[PDB]
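Here's the structure, in structure tokens; my notes come after.
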Amino acid sequence: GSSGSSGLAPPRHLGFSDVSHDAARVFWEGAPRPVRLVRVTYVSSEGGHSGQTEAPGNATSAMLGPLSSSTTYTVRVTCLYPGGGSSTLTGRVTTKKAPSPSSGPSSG
């Protein structure tokens, strides 16, 4: 049939800075509880490129990529707590535009 399940409200807010056309930095204000590990998962809207990075429960910031350009990427920072459930901070971010693939001359 179909899969149904309400999503619990996020503990804190997400922040995207130094975003690029092939990458994007995702940082949070830290969860209200201590964690052992953090597995962030990013995926391109309309079902596209997806990945998964790992970071220490202490890490409050992690980069992503290689991402796409002018494309929205659904970032979900999953904080795997040490034997006590887990949370997932959802955050959408629109990557920057990439420079045309056309390569020409240059100057020193």
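Could you tell me which of the residues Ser69, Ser5 is under 16 Å from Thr90 (Cα atoms), polar (S, T, N, Q) and over 14 Å from the mean Cα position of the chain (by Cα)?
On the way: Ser69 fails: under 16 Å from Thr90 (Cα atoms).
Every option except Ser5 fails the conditions.
Of the residues making up region 24-66, those that are over 11 Å from the mean Cα position of the chain (by Cα) and among the small types (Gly, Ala, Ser) are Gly30, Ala31, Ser45, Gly47, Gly48, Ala55, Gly57, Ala59. Somewhere in region 85-100, is a residue of a type outside the set (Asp, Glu), touching a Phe, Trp or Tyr at 6+ places or on another chain (Cβ under 7 Å) and part of a loop (DSSP other than H, G, I, E, B)? Yes, region 85-100 contains at least one residue that is of a type outside the set (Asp, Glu), touching a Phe, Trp or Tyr at 6+ places or on another chain (Cβ under 7 Å) and part of a loop (DSSP other than H, G, I, E, B).
No value in this document is a laboratory result; all are computed from the given coordinates. So basically every Cβ, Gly included, is an ideal-geometry build from the backbone, and we count neighbours across all protein chains shown.
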